[PDB]
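Chemist: Pasting the sequence and an experimental structure:
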Amino acid sequence: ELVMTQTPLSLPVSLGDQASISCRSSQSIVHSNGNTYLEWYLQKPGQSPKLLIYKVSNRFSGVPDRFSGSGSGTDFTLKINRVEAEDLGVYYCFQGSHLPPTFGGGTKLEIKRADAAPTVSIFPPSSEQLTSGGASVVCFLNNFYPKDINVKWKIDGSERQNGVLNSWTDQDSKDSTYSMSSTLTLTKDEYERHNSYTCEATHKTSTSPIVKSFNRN
Amino acid sequence: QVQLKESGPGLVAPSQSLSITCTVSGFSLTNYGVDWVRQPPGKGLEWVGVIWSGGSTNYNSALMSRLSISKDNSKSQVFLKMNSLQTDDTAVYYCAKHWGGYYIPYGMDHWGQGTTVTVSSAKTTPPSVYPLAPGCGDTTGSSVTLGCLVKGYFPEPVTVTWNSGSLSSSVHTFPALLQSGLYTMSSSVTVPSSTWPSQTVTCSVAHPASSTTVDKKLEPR
Ligand SMILES: [Zn+2]
Ligand SMILES: [Zn+2]
Ligand SMILES: [Zn+2]
Ligand SMILES: [Zn+2]
Ligand SMILES: [Zn+2]
Ligand SMILES: [Zn+2]
Ligand SMILES: [Zn+2]
């Protein structure tokens, strides 16, 4: 019943700059034995969590000194200096003193880079899907930054919201960009009664949307 | 060398029981305590419970009435039982050892690789694979993006391989979403446009769970 609240949820930072993550406990964490059991874990994409800092301020073995933790009774901070590519993932504060142990909600460390417009490509339904009864029109928006982006689906110039599914990748470790995939699913019968299908991506790199389309003809 | 390794069922029906064994290597269960931690798809970590080297246990507030954690010291194995499973219980389950060998852990030392547990009433279904190929109406220049749409499978996950791995050259793997009770993902690959359709491009879709491999040649039109 001891809630740890981490801020911010997502922290954009430039490569080589300094990152600063804070954790607050709903209740003071100090044991009347002076001791205070707060640890910070890092979970890299696709990996198990690993211990960075174990007693508010102690570095675990193998952890570079550019990682440092501080804090008092309810207020704790993790600081990351000279942020590298290896530093990316989700950070979790953890408290075990007070039963039950509890994690904070996690902070995603995001690498800041130059804005980058997406490369968009639309794909009409394959004929083998059409055979099956369904028809999914697909749009890939590859390699953009930042993460917010708007996909608008159009059918003969009319907007469609129903049956859209969107899926983002985690940040690429090499170029630091995101990609996302948008899929409009109709029935074959629905699909065959219209001419144009249009993918429109709005992104801060332009006030002009990027538009890709095809005609069934 | 200290190791932790979870084995689980994978898929379980939404009122049955879950039993996960964590086998331990490189240290004794009479010296250290072992934590179980879970993480639901796209959510933060949750502490589930602990078994102390002594043999006593503590459970997470929310789950405490469905949980039991046992242990066989001789066999170096730690067991997590969980009754009356909910759809919510879908998570990757990790075991971790305490770095403090005494009754106040300084932290969680090493972790297992984790094991996926999926809780539902859907059944193993191989995926449908559909090629994603440009319309013959929009010629680009430098490079060409192609895709494979992997739809209607269960359970997670699939792996999409392109040209026997010869292409990691911009593969983008879009995480699966849930659709009509089944998963869908998509994968894209970008290649020099002088090598497609000139040269052959194939996506190979492995679904270990159903024991199916599906290949799709990507062809124009
Ligand atoms: Zn105390
Ligand atoms: Zn130093
Ligand atoms: Zn207390
Ligand atoms: Zn990319
Ligand atoms: Zn129409
Ligand atoms: Zn513990
Ligand atoms: Zn160790």
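Modeler: Cool, got the structure. Residues are numbered from 1 along each chain as shown, chains lettered A, B, ... in the order given. Ligands and ions are numbered 1, 2, ... in the order given.
Chemist: For burial, what's the neighbour tally of the closest residue in space to residue A:91 that isn't next to it in sequence?
Modeler: Nearest residue to residue A:91 in three dimensions, chain neighbours excluded: residue A:107, at 4.8 Å (C-beta to C-beta, 6 or more residues apart in numbering or on different chains). C-beta: built from backbone N, CA, C; applies to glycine. Residues lying near residue A:107 (other C-beta atoms under 10 Å in any protein chain shown) number 23.
Chemist: Also residue B:209?
Modeler: 19.
Chemist: same question, the one 10 residues further on
Modeler: Counted with other C-beta under 10 Å, the burial measure for residue B:219 works out to 12 neighbours.
Chemist: tell me which residues of stretch A:161-175 are tucked away?
Modeler: A:165, A:167, A:169, A:171-172 (16 or more other C-beta atoms under 10 Å in any protein chain shown).
Chemist: How about stretch A:191-203?
Modeler: Buried residues in stretch A:191-203, counting neighbours by 16+ other C-beta under 10 Å, are found at A:191, A:197-201, A:203.
Chemist: Could you do stretch B:163-175 as well?
Modeler: B:163, B:167, B:170, B:172-175.
Chemist: For the residue nearest in space to the middle of chain B, which non-adjacent residue is spatially closest?
Modeler: Within chain B, the residue whose C-alpha comes closest to the C-alpha centroid is residue B:116; the distance, by C-alpha atoms, centre = their mean, is 4.7 Å. Nearest residue to residue B:116, sequence neighbours excluded (C-beta to C-beta, 6+ apart): residue B:92, at 5.4 Å.
Chemist: Which of the residues in stretch A:5-19 are classified as buried?
Modeler: A:6, A:11, A:13, A:19.
Chemist: so which pair among the residues you listed is furthest apart in space?
Modeler: For the buried residues of stretch A:5-19, the maximum inter-member distance is 15.5 Å, found between A:6 and A:13 (C-beta to C-beta).
Chemist: and of the buried residues of stretch A:161-175, the nearest to residue A:148?
Modeler: Distances from residue A:148 to these, taken by C-beta to C-beta, are shortest for residue A:171, at 13.4 Å.
Chemist: Double-check that the closest one belongs to a strand.
Modeler: No: counting by DSSP: H, G, I helix; E, B strand; the rest coil, residue A:171 is not part of a strand but coil.
Chemist: Could you pull up the residues touching it?
Modeler: Applying C-beta atoms under 8 Å, 6 or more residues apart in numbering or on different chains to residue A:171 gives the contacts A:88, A:110-111, A:147, A:177-178.
Chemist: again, only this time at 6 Å
Modeler: The contact partners of residue A:171, by C-beta atoms under 6 Å, 6 or more residues apart in numbering or on different chains, come to none.
Chemist: Look up how far ligand 4 lies from it.
Modeler: From residue A:171 across to ligand 4, the span is 10 Å (C-beta to the ion, to the nearest Å).
Chemist: Closest one of the buried residues of stretch B:163-175 to residue B:37?
Modeler: Among these, and counting by C-beta to C-beta, the member closest to residue B:37 is residue B:175, at 21.5 Å.
Chemist: Give me the phi and psi angles of that closest one.
Modeler: The phi/psi pair for residue B:175 (degrees, to the nearest 10) reads phi -60, psi 140.
Chemist: Skipping its backbone neighbours, what lies nearest residue 210 in space?
Modeler: Unless you meant another one, I'm taking chain A. residue A:201 is the one closest to residue A:210 (C-beta to C-beta, 6+ apart), at 4.6 Å.
Chemist: that's the other chain; I wanted chain B
Modeler: Excluding the flanking residues, the one nearest residue B:210 by C-beta to C-beta, 6+ apart is residue B:126, at 4.2 Å.
Chemist: re earlier: distance check, the residue nearest to the centre of chain B against ligand 5.
Modeler: On the measure of C-beta to the ion, residue B:116 and ligand 5 end up 43 Å apart.
Chemist: elements contacting the helix or strand that residue falls within?
Modeler: Using DSSP states H and E, residue B:116 maps to strand B:115-119. Strand B:115-119 makes packing contacts with strand B:91-98 when contacts are defined by 3 or more C-beta pairs under 6 Å, 6 or more residues apart in numbering or on different chains; DSSP states H and E.
Chemist: The strand it packs on versus strand B:115-119: what angle between them?
Modeler: On the basis of axes from the mean of the first three to the mean of the last three C-alpha atoms, to 10 degrees, strand B:91-98 is oriented at 140 degrees to strand B:115-119.
Chemist: In the sheet, which strands lie alongside strand B:91-98, parallel or antiparallel?
Modeler: strand B:34-39 (antiparallel), strand B:108-111 (antiparallel), strand B:115-119 (antiparallel) (DSSP bridges).
Chemist: Touching the second one from outside, list them.
Modeler: Strand B:108-111 is contacted from outside by A:48-49, B:2, B:35, B:94, B:96-97, B:99, using C-beta under 6 Å, 6+ apart.
Chemist: and it, how far from the chain's centre?
Modeler: 19 Å (C-alpha atoms, centre = their mean, to the nearest Å).
Chemist: tell me the contacts of the nearest residue to residue A:9 once chain neighbours are set aside?
Modeler: Once flanking residues are discounted, residue A:9 sits nearest to residue A:107: 6.3 Å by C-beta to C-beta, 6+ apart. Going by C-beta under 6 Å, 6+ apart, residue A:107 touches A:6, A:11, A:21, A:91.
Chemist: which residue ranges form the helices in chain B?
Modeler: Listed in chain order, chain B contains no helices at all (DSSP state H).
Chemist: Quick one: name the residues of it near chain A.
Modeler: With C-beta under 6 Å from any C-beta of the partner chain as the criterion, chain B meets chain A at residues B:44-45, B:47, B:58, B:60-61, B:105-107, B:111, B:114, B:130-132, B:135, B:137, B:145, B:149, B:172, B:174-175, B:177, B:186, B:188.
Chemist: ok so, going back, any idea which of the buried residues of stretch A:191-203 is the one closest to residue A:25?
Modeler: For the buried residues of stretch A:191-203, the nearest to residue A:25 is residue A:203 (38.5 Å; C-beta to C-beta).
Chemist: That's all I had, so thanks and see you.
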